[PDB]
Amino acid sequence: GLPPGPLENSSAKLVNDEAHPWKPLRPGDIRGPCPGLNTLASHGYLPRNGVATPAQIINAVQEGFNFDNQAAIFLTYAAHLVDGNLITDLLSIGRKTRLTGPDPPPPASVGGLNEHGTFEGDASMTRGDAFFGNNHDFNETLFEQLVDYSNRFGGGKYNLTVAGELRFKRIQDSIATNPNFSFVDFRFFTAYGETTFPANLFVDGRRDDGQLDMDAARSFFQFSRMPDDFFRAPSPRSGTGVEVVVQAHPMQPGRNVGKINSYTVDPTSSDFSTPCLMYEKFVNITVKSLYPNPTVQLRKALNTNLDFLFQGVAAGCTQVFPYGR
């Protein structure tokens, strides 16, 4: 279906309401590395089994959290192109599942949001790097480090100052312990944006002060659960304030080269100075590598989803056509 449009009414409102109660997981229910999508599934804004269409995901992030339209479209279609089933139009917000339908041929993985190196990546705040065995479950030790950074830099609350310090700490921990640490292109951009999301979207919209308390933080990050009487943000937003996070500790994109403490800058990677290059490489390299010679029905589904992806790209970039027009 077409990408949904922006909210007709984007006011703050109760989103933890009678029609969207929190429910525990049933056997087979899928939760993944994103506490935003996990919470919408656990409140019934998304299907509770954690398998959804792109249009369902865009509608849920807007209705439940007031995520802005352009960001919703870009992230949803990027995730769907690399992790979703383009024929059935279904994406798992977590582990690979037969529930997304019959698979395309390799090398396409349709691995859900849990698939390492497509969307999900290293130096997550409350999830471990895939090298350590689990890139998707809430990690109590990592969350306690988020609390400690909130106590030291946020007076007990998570804010953009905390995000700047913790983002850099998680990069330095990955450099020191993960010999396969990768921090380039798509992951380089999304890792910085994700650290603003709690301050911009998990803060009750009646305050919208960018100060997230640790009870609310645990409720979202561990339990996929809105605080009692949670109001969504009072206007559409996503990564507002990412400039503060970067400015705290500016980093070049790069990777460890098979050893710890070997972080090597990648001059071929995009960075914040080349945002159009990030889009071009995502399409010409990442998507194309998963579908190099697609059959007629797959080509048509790719071209449709790539057009939808381009709707979320900031004005100024040129659309690229890996399968022709």
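Sequential numbering from 1, following the sequence displayed.
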Worksheet item: Comparing 310-318 with 19-27, where is the mean C-alpha B-factor higher?
Response: 310-318
Worksheet item: With respect to the recorded C-alpha B factors, which stretch has the higher mean value, 192-200 or 94-102?
Response: 94-102
Item to complete: Compare the CA B factors listed in the entry for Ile87, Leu142, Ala233, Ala78 and report the winner.
Response: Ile87
Fill in: Among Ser109, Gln222, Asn178, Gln211 - the residue whose C-alpha B-factor is largest in the record
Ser109
Discussion item. Ranking every modelled residue in this chain by its Cα temperature factor as given in the entry, which third contains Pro275?
Written reply: highest
Worksheet item: When the modelled residues of the chain are sorted by Cα temperature factor, does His43 land in the lowest, middle or highest third?
Response: lowest
Worksheet, complete the sentence: In terms of its chain's C-alpha B-factors, the third that includes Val283 is the highest
Item to complete: Pull the Cα B-factor of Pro54 out of the PDB entry and bin it into the chain's lowest, middle or highest third.
Response: middle
Worksheet, complete the sentence: Assert third(CA B-factor, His116) within chain per record equals middle
